[PDB]
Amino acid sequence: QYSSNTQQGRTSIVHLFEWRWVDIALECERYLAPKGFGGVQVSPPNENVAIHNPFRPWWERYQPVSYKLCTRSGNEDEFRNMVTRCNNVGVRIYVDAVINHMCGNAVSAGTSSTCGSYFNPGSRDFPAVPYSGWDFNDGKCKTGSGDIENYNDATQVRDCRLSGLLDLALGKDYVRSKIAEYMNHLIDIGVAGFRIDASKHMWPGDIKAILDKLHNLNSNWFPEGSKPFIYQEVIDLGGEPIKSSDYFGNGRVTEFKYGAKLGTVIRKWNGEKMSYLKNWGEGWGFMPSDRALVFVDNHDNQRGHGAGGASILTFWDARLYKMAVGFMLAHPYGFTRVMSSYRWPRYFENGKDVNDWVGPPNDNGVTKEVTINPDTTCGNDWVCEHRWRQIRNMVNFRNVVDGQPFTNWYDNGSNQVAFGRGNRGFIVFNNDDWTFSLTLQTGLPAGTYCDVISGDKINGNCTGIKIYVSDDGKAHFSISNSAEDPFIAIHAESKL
């Protein structure tokens, strides 16, 4: 479950949050494939609750009604069509598996579901699965409210309702099987792995028992013996009885310390400065690199939702955001996930975004397609951070330098740093209030290199800044403190 299963030479997965299957399918063939992306994390593909108050919030997709592959992103035909087309061009699909619970216990019974299935939360009735009262932890939970009341109690965090969400009895073989059934449906369709939603709220053993029932990946695209890639969502910033390491047996785990710390550093808050990033990684208290699923922000924290703090950088902070993502993509630590979002009508009430619930761009509830402007940007309020040249070129930078060791690090004691990856790449950052002008050892072979942040290499020339690495591997860098993108990057494939 530790192998990404991505095509030979691809190191990142992008989260196309709330995107529709047909758009992802197209996105794979026209952009993701030729741009070297490894895979796409898709929003939950199973039928969820249609919550009309508020109007179709993004979080309704985290409230299962059944395992029918029918959502606002598309039906089963479209889902299968997407997986096939993406796999045919070397781009993998990773499913966000919401298996810890069904919907909120207070949701009204009826057919307000993305596929019309009937369900009765009050009576614990989900016939489309089917699940009955016998399949939830109502009698196992020992709290007075029946919900999770204290995270200092590892047991209730696992057996009680997460904010009211009906907690599935993952200890029962029947439930474990119904879930395995759903996941094998996805695997057989072509899925390459899963993001396991709310991993902290399930015993590491129940998850395992579920994974033990899964098929090997589709043998038309994946080698024999291939197991689904597994990265469990566990928010652990320390201090809790539950640790991210408790899940290393099932696969990789989300490292929420990564984004929180990088953001505080890049924003230069709490006395942090980029020069401190020289021992970035385990040296900062993070989990082992071979188990970490890193990212700057995710669909949750870019909204402050159960977020890791205000330090989290997002597309709203474009300039600093690109530096954060660039550094992550260049640093060998962990497996990188790039975020891609939609712009919502953010409105504050003093540290309160009352519009953080707003779902994806839509027309009366129907998710809007992703239009592609000529400058390769996206319309209909889709941010598409993964298409920003600075991020897109850094995704390839990670591919190019893959396997090379972190070396040639330099820092000015403040916020001007630079480091390379073996003899295949070198990146430079200036986050100080003055100019960064210096000759640095890049560890790269002599030549003229295109800065892949400012431009691209095309027809034996650069469209942006050019860097000249002399015979001893040294090159001059000059990044103004007021540059729109205060960082430069070059690698073996950007060389003329």
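Note that residue numbering begins at 1 and tracks the sequence as displayed.
Student: Do the CA atoms of 120-128 or those of 287-295 have the higher mean B-factor in the entry?
Tutor: The stretch with the larger mean CA B-factor is 120-128.
Student: Which is higher on mean Cα B factor in this entry, 52-60 or 467-475?
Tutor: Higher mean C-alpha B-factor: 467-475.
Student: Whose CA atom has the top B-factor in the entry, of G422, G263, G281, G351?
Tutor: Across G422, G263, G281, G351, the entry lists the biggest C-alpha B-factor for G351.
Student: For the C-alpha B-factor as written in the entry, point me to the maximum among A97, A307, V253, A318.
Tutor: Highest CA B-factor of the listed options: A307.
Student: By the record's CA B-factor, is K257 among the lowest, middle or highest third of residues in the chain?
Tutor: According to the entry, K257 has a C-alpha B-factor in the chain's lowest third.
Student: Can you work out whether the C-alpha temperature factor of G104 puts it in the lowest, middle or highest third of the chain?
Tutor: According to the entry, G104 has a C-alpha B-factor in the chain's middle third.
Student: Which third of the chain does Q441 land in by C-alpha B-factor: lowest, middle or highest?
Tutor: Highest third - that is where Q441 ends up once the chain's C-alpha B-factors are sorted.
Student: So where's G365 on the chain's Cα temperature factor ranking, which third?
Tutor: As the PDB entry reports it, the C-alpha B-factor of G365 lands in the lowest third of its chain.
Student: C-alpha B factor of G413, ranked within the chain: lowest, middle or highest third?
Tutor: Within its chain, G413 is a middle-third residue by C-alpha B-factor, going by the deposited values.
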